[PDB]
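A.B. asks: I'm passing along target.txt; it holds compact mmCIF, C-alpha atoms.
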# COMPACT_ATOMS: atom_id res chain seq x y z
CA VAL A 7 -91.91 80.09 102.69
CA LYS A 8 -93.89 83.26 103.46
CA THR A 9 -91.26 85.28 105.34
CA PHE A 10 -87.51 85.29 105.81
CA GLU A 11 -88.28 83.96 109.28
CA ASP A 12 -90.11 80.84 107.97
CA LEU A 13 -86.89 79.62 106.35
CA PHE A 14 -84.85 80.61 109.40
CA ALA A 15 -87.09 78.55 111.71
CA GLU A 16 -86.87 75.63 109.28
CA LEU A 17 -83.07 75.69 109.21
CA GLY A 18 -82.98 75.85 113.02
CA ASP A 19 -85.20 72.74 113.06
CA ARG A 20 -82.84 71.02 110.62
CA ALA A 21 -79.89 71.82 112.91
CA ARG A 22 -81.78 70.23 115.82
CA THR A 23 -83.06 67.09 114.09
CA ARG A 24 -80.12 66.58 111.69
CA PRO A 25 -81.94 64.81 108.84
CA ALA A 26 -79.89 63.04 106.18
CA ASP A 27 -81.24 65.38 103.44
CA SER A 28 -80.25 68.73 105.02
CA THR A 29 -77.55 70.80 103.32
CA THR A 30 -77.50 73.01 106.43
CA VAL A 31 -76.28 70.14 108.64
CA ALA A 32 -73.15 69.43 106.57
CA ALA A 33 -72.54 73.17 106.18
CA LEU A 34 -72.85 73.81 109.95
CA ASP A 35 -70.53 70.87 110.71
CA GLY A 36 -68.09 72.13 108.04
CA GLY A 37 -66.94 75.45 109.55
CA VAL A 38 -67.26 79.18 108.94
CA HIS A 39 -64.53 79.55 106.29
CA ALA A 40 -66.39 77.39 103.76
CA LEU A 41 -69.63 79.29 104.49
CA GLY A 42 -68.01 82.67 103.81
CA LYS A 43 -66.60 81.32 100.55
CA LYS A 44 -70.02 80.04 99.49
CA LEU A 45 -71.66 83.36 100.33
CA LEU A 46 -69.09 85.26 98.26
CA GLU A 47 -69.55 82.84 95.31
CA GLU A 48 -73.30 83.42 95.46
CA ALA A 49 -72.88 87.20 95.55
CA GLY A 50 -70.91 86.85 92.29
CA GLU A 51 -73.66 84.66 90.79
CA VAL A 52 -76.23 87.28 91.84
CA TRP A 53 -74.23 90.04 90.13
CA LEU A 54 -73.93 87.99 86.91
CA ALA A 55 -77.66 87.27 86.95
CA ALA A 56 -78.58 90.90 87.73
CA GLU A 57 -76.57 92.10 84.73
CA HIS A 58 -77.29 89.38 82.21
CA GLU A 59 -80.02 86.89 83.14
CA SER A 60 -83.80 86.59 83.48
CA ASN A 61 -85.84 87.73 86.45
CA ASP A 62 -86.33 84.06 87.36
CA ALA A 63 -82.61 83.30 87.23
CA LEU A 64 -81.90 86.33 89.41
CA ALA A 65 -84.60 85.30 91.90
CA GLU A 66 -82.99 81.84 92.06
CA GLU A 67 -79.53 83.19 92.84
CA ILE A 68 -80.89 85.70 95.36
CA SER A 69 -82.77 82.90 97.11
CA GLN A 70 -79.47 81.00 97.44
CA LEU A 71 -77.65 84.09 98.74
CA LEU A 72 -80.37 84.48 101.39
CA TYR A 73 -80.14 80.79 102.27
CA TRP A 74 -76.36 80.90 102.80
CA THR A 75 -76.67 84.13 104.80
CA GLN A 76 -79.04 82.29 107.18
CA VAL A 77 -76.72 79.29 107.47
CA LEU A 78 -73.90 81.70 108.38
CA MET A 79 -76.12 83.38 111.01
CA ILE A 80 -76.86 79.98 112.56
CA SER A 81 -73.16 78.98 112.45
CA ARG A 82 -72.19 82.08 114.45
CA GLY A 83 -75.21 81.96 116.79
CA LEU A 84 -77.04 85.06 115.53
CA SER A 85 -80.81 85.46 115.87
CA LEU A 86 -83.13 87.19 113.39
CA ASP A 87 -83.53 89.95 116.01
CA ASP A 88 -79.75 90.48 116.12
CA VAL A 89 -79.86 91.39 112.42
CA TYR A 90 -83.29 93.03 112.26
CA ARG A 91 -82.43 95.50 115.05
CA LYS A 92 -79.91 97.05 112.63
CA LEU A 93 -82.35 97.63 109.75
CA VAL B 7 -87.66 58.14 110.57
CA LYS B 8 -89.39 54.88 111.58
CA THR B 9 -89.13 52.93 108.32
CA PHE B 10 -87.14 53.05 105.10
CA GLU B 11 -90.37 54.28 103.55
CA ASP B 12 -90.61 57.36 105.85
CA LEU B 13 -87.38 58.72 104.38
CA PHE B 14 -88.43 57.75 100.86
CA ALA B 15 -91.70 59.69 101.19
CA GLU B 16 -89.78 62.66 102.59
CA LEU B 17 -87.34 62.74 99.68
CA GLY B 18 -90.25 62.51 97.22
CA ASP B 19 -91.78 65.54 98.97
CA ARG B 20 -88.46 67.39 98.70
CA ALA B 21 -88.37 66.66 94.95
CA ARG B 22 -91.88 68.13 94.62
CA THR B 23 -91.44 71.25 96.75
CA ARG B 24 -87.75 71.91 95.99
CA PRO B 25 -86.74 73.65 99.22
CA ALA B 26 -83.44 75.54 99.33
CA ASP B 27 -82.07 73.20 102.05
CA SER B 28 -82.56 69.87 100.23
CA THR B 29 -79.47 67.92 99.17
CA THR B 30 -81.79 65.66 97.14
CA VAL B 31 -82.84 68.54 94.85
CA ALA B 32 -79.30 69.39 93.73
CA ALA B 33 -78.48 65.68 93.43
CA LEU B 34 -81.57 64.97 91.29
CA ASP B 35 -80.82 67.98 89.06
CA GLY B 36 -77.17 66.85 88.81
CA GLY B 37 -77.50 63.55 86.92
CA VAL B 38 -77.10 59.82 87.49
CA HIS B 39 -73.31 59.59 87.02
CA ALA B 40 -72.58 61.72 90.09
CA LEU B 41 -75.12 59.69 92.12
CA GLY B 42 -73.45 56.39 91.23
CA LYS B 43 -70.08 57.84 92.21
CA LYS B 44 -71.45 59.02 95.55
CA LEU B 45 -73.01 55.63 96.24
CA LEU B 46 -69.72 53.86 95.51
CA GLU B 47 -67.80 56.31 97.76
CA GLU B 48 -70.24 55.59 100.57
CA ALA B 49 -69.91 51.83 100.13
CA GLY B 50 -66.15 52.31 100.65
CA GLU B 51 -66.79 54.42 103.76
CA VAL B 52 -69.12 51.70 105.06
CA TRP B 53 -66.44 49.03 104.54
CA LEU B 54 -63.82 51.15 106.36
CA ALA B 55 -66.22 51.74 109.25
CA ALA B 56 -67.27 48.06 109.42
CA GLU B 57 -63.63 46.99 109.71
CA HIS B 58 -62.22 49.73 111.90
CA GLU B 59 -64.75 52.10 113.48
CA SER B 60 -67.39 52.26 116.22
CA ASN B 61 -70.95 50.99 115.92
CA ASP B 62 -72.09 54.62 115.79
CA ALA B 63 -69.68 55.52 113.00
CA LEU B 64 -70.83 52.49 111.02
CA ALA B 65 -74.49 53.38 111.57
CA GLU B 66 -73.73 56.89 110.28
CA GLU B 67 -72.11 55.65 107.07
CA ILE B 68 -74.84 53.05 106.51
CA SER B 69 -77.49 55.75 106.92
CA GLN B 70 -75.74 57.76 104.18
CA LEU B 71 -75.50 54.71 101.89
CA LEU B 72 -79.25 54.18 102.34
CA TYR B 73 -79.93 57.86 101.67
CA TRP B 74 -77.96 57.88 98.39
CA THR B 75 -79.60 54.61 97.33
CA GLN B 76 -83.01 56.32 97.71
CA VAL B 77 -81.88 59.39 95.77
CA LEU B 78 -80.74 57.07 92.96
CA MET B 79 -84.11 55.27 93.01
CA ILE B 80 -85.91 58.61 92.67
CA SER B 81 -83.53 59.75 89.88
CA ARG B 82 -84.38 56.65 87.82
CA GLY B 83 -88.09 56.62 88.70
CA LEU B 84 -88.15 53.48 90.86
CA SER B 85 -90.76 52.94 93.58
CA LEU B 86 -90.22 51.17 96.91
CA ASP B 87 -92.42 48.35 95.53
CA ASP B 88 -90.11 47.96 92.51
CA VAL B 89 -87.27 47.11 94.90
CA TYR B 90 -89.24 45.35 97.64
CA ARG B 91 -90.78 42.86 95.18
CA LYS B 92 -87.26 41.44 94.71
CA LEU B 93 -86.53 40.83 98.41
Could you express the structure from this file as structure tokens?
C.D. replies:
Amino acid sequence: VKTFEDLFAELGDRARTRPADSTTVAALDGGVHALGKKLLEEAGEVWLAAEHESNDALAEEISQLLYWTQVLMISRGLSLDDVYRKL
Amino acid sequence: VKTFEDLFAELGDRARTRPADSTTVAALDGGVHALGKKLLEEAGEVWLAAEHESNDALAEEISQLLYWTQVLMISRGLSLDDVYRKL
């Protein structure tokens, strides 16, 4: 992954092809409420890591926060442009 | 996926590259006991579907049983050849 968009394109492909190995597929089938919960959990993990853990551990939790944010975007039908226009 | 081996090669790639979206990664990190449990659950789902559900529903559950069988093989370090030599 070179850009935020590389992952986003990948997850869109996973939603199309629905491979057995894709976490995104089950998450997208599973509804928005569970996605919001997961995102909040990960924000807590990020805070813990930011305060108390290594750079690597923090990078790991941030990567998961970014992942779940993208899954939520796809669940609600948002594009990268929808978000990027506000930055 | 054209052959059992296509999926197996894919899951091996996922174990190498460890993408955020891969169910296999978390499962491989998570230990054999949880994998055995998942496999048994899926065998039960397959039986239910075989007795009571559509061909499509049965194909779905079988595909998941095959997936978890492959994840277990990778967890324990088995090759396709290790299994295929016994068929």
A.B. asks: Rounded to one decimal in Å, what is the spacing between atom CA of residue 77 of chain B and atom CA of residue 92 of chain B?
C.D. replies: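 One can read the atom CA of residue 77 of chain B to atom CA of residue 92 of chain B distance as 18.8 Å.
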A.B. asks: Using all atoms listed in the file, I'd like every residue of chain A that has an atom within 10 Å of chain B; please write them out as a list in words.
C.D. replies: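 Written out as asked, the residues are residues 7, 13, 16, 17, 20, 25, 26, 27, 28, 29, 30, 31, 32, 66, 69, 70, 72, 73, 74 and 77 of chain A.
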A.B. asks: Within 12 Å of (-89.7, 54.5, 103.7), all atoms listed in the file: residues as a list in words?
C.D. replies: residues 7, 8, 9, 10, 11, 12, 13, 14, 15, 16, 17, 18, 72, 73, 75, 76, 85, 86, 87, 89 and 90 of chain B
A.B. asks: Atom CA of residue 56 of chain A and atom CA of residue 37 of chain B are how many Å apart?
C.D. replies: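 Computing the Euclidean distance for atom CA of residue 56 of chain A and atom CA of residue 37 of chain B yields 27.4 Å.
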A.B. asks: So how far away is atom CA of residue 36 of chain B from atom CA of residue 71 of chain B, in Å?
C.D. replies: 17.9 Å
A.B. asks: Measuring atom to atom with only C-alpha atoms, identify which of A:83, A:24, A:91, A:67 is nearest to residue 46 of chain A.
C.D. replies: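 Looking at the shortest contact to residue 46 of chain A, the residue is A:67.
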A.B. asks: Please identify all polymer residues within 8 Å of residue 68 of chain A, counting all atoms listed in the file, omitting same-chain residues fewer than 4 positions from it, and present them as a PyMOL selection string.
C.D. replies: chain A and resi 48+52+64+72
A.B. asks: Find, counting all atoms listed in the file, the residue in B:93, B:84, B:78, B:65 that gets nearest to residue 43 of chain B.
C.D. replies: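 Answer, going by the shortest atom-to-atom distance: B:78.
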A.B. asks: Using all atoms listed in the file, which of the listed residues (B:19, B:82, B:88, B:53) sits closest to residue 38 of chain B?
C.D. replies: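 When distances to residue 38 of chain B are compared using all atoms listed in the file, the smallest one comes from B:82.
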A.B. asks: Take segment 59-86 of chain A from the block and save it with N, CA and C atoms, as a PDB file, in the first residue's frame.
C.D. replies:
ATOM      1  N   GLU A  59       2.707   2.777  24.347  1.00  0.00           N
ATOM      2  CA  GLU A  59       3.334   1.706  23.574  1.00  0.00           C
ATOM      3  C   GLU A  59       4.329   2.223  22.538  1.00  0.00           C
ATOM      4  N   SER A  60       5.008   1.289  21.876  1.00  0.00           N
ATOM      5  CA  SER A  60       6.061   1.611  20.927  1.00  0.00           C
ATOM      6  C   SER A  60       5.505   2.275  19.675  1.00  0.00           C
ATOM      7  N   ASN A  61       6.386   2.923  18.921  1.00  0.00           N
ATOM      8  CA  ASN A  61       6.001   3.480  17.632  1.00  0.00           C
ATOM      9  C   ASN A  61       5.361   2.425  16.731  1.00  0.00           C
ATOM     10  N   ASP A  62       5.931   1.221  16.717  1.00  0.00           N
ATOM     11  CA  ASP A  62       5.397   0.137  15.903  1.00  0.00           C
ATOM     12  C   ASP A  62       3.987  -0.267  16.322  1.00  0.00           C
ATOM     13  N   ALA A  63       3.770  -0.393  17.626  1.00  0.00           N
ATOM     14  CA  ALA A  63       2.463  -0.755  18.145  1.00  0.00           C
ATOM     15  C   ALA A  63       1.432   0.319  17.793  1.00  0.00           C
ATOM     16  N   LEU A  64       1.825   1.579  17.910  1.00  0.00           N
ATOM     17  CA  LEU A  64       0.939   2.672  17.531  1.00  0.00           C
ATOM     18  C   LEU A  64       0.624   2.658  16.031  1.00  0.00           C
ATOM     19  N   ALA A  65       1.636   2.431  15.203  1.00  0.00           N
ATOM     20  CA  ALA A  65       1.423   2.333  13.765  1.00  0.00           C
ATOM     21  C   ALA A  65       0.447   1.208  13.432  1.00  0.00           C
ATOM     22  N   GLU A  66       0.577   0.076  14.122  1.00  0.00           N
ATOM     23  CA  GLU A  66      -0.345  -1.041  13.943  1.00  0.00           C
ATOM     24  C   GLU A  66      -1.786  -0.637  14.241  1.00  0.00           C
ATOM     25  N   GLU A  67      -2.019  -0.029  15.396  1.00  0.00           N
ATOM     26  CA  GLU A  67      -3.382   0.339  15.764  1.00  0.00           C
ATOM     27  C   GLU A  67      -3.939   1.431  14.851  1.00  0.00           C
ATOM     28  N   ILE A  68      -3.112   2.403  14.473  1.00  0.00           N
ATOM     29  CA  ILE A  68      -3.540   3.410  13.512  1.00  0.00           C
ATOM     30  C   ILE A  68      -3.925   2.772  12.179  1.00  0.00           C
ATOM     31  N   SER A  69      -3.142   1.805  11.712  1.00  0.00           N
ATOM     32  CA  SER A  69      -3.461   1.155  10.450  1.00  0.00           C
ATOM     33  C   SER A  69      -4.838   0.481  10.523  1.00  0.00           C
ATOM     34  N   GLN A  70      -5.173  -0.096  11.676  1.00  0.00           N
ATOM     35  CA  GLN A  70      -6.477  -0.717  11.854  1.00  0.00           C
ATOM     36  C   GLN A  70      -7.597   0.318  11.928  1.00  0.00           C
ATOM     37  N   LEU A  71      -7.351   1.442  12.591  1.00  0.00           N
ATOM     38  CA  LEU A  71      -8.328   2.527  12.615  1.00  0.00           C
ATOM     39  C   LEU A  71      -8.617   2.999  11.188  1.00  0.00           C
ATOM     40  N   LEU A  72      -7.572   3.178  10.385  1.00  0.00           N
ATOM     41  CA  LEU A  72      -7.751   3.609   9.000  1.00  0.00           C
ATOM     42  C   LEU A  72      -8.528   2.572   8.188  1.00  0.00           C
ATOM     43  N   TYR A  73      -8.183   1.304   8.377  1.00  0.00           N
ATOM     44  CA  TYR A  73      -8.912   0.216   7.727  1.00  0.00           C
ATOM     45  C   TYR A  73     -10.414   0.264   8.038  1.00  0.00           C
ATOM     46  N   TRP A  74     -10.774   0.322   9.319  1.00  0.00           N
ATOM     47  CA  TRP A  74     -12.187   0.328   9.684  1.00  0.00           C
ATOM     48  C   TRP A  74     -12.903   1.595   9.218  1.00  0.00           C
ATOM     49  N   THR A  75     -12.190   2.716   9.161  1.00  0.00           N
ATOM     50  CA  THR A  75     -12.767   3.938   8.623  1.00  0.00           C
ATOM     51  C   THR A  75     -13.164   3.729   7.152  1.00  0.00           C
ATOM     52  N   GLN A  76     -12.290   3.084   6.384  1.00  0.00           N
ATOM     53  CA  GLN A  76     -12.569   2.779   4.975  1.00  0.00           C
ATOM     54  C   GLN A  76     -13.737   1.816   4.808  1.00  0.00           C
ATOM     55  N   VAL A  77     -13.810   0.797   5.658  1.00  0.00           N
ATOM     56  CA  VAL A  77     -14.925  -0.143   5.588  1.00  0.00           C
ATOM     57  C   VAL A  77     -16.248   0.597   5.863  1.00  0.00           C
ATOM     58  N   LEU A  78     -16.239   1.492   6.847  1.00  0.00           N
ATOM     59  CA  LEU A  78     -17.411   2.320   7.121  1.00  0.00           C
ATOM     60  C   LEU A  78     -17.790   3.202   5.929  1.00  0.00           C
ATOM     61  N   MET A  79     -16.805   3.832   5.293  1.00  0.00           N
ATOM     62  CA  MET A  79     -17.060   4.631   4.089  1.00  0.00           C
ATOM     63  C   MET A  79     -17.752   3.787   3.021  1.00  0.00           C
ATOM     64  N   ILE A  80     -17.230   2.591   2.774  1.00  0.00           N
ATOM     65  CA  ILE A  80     -17.826   1.714   1.768  1.00  0.00           C
ATOM     66  C   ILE A  80     -19.241   1.268   2.173  1.00  0.00           C
ATOM     67  N   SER A  81     -19.450   0.969   3.451  1.00  0.00           N
ATOM     68  CA  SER A  81     -20.786   0.595   3.937  1.00  0.00           C
ATOM     69  C   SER A  81     -21.832   1.670   3.643  1.00  0.00           C
ATOM     70  N   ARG A  82     -21.467   2.930   3.845  1.00  0.00           N
ATOM     71  CA  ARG A  82     -22.391   4.044   3.636  1.00  0.00           C
ATOM     72  C   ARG A  82     -22.364   4.626   2.216  1.00  0.00           C
ATOM     73  N   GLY A  83     -21.493   4.116   1.355  1.00  0.00           N
ATOM     74  CA  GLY A  83     -21.453   4.568  -0.033  1.00  0.00           C
ATOM     75  C   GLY A  83     -20.695   5.857  -0.267  1.00  0.00           C
ATOM     76  N   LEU A  84     -19.737   6.166   0.603  1.00  0.00           N
ATOM     77  CA  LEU A  84     -18.885   7.341   0.423  1.00  0.00           C
ATOM     78  C   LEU A  84     -17.687   7.024  -0.462  1.00  0.00           C
ATOM     79  N   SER A  85     -17.293   8.002  -1.277  1.00  0.00           N
ATOM     80  CA  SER A  85     -16.072   7.926  -2.085  1.00  0.00           C
ATOM     81  C   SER A  85     -14.926   8.610  -1.356  1.00  0.00           C
ATOM     82  N   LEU A  86     -13.689   8.363  -1.794  1.00  0.00           N
ATOM     83  CA  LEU A  86     -12.542   9.109  -1.280  1.00  0.00           C
ATOM     84  C   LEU A  86     -12.762  10.608  -1.467  1.00  0.00           C
TER      85      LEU A  86
END
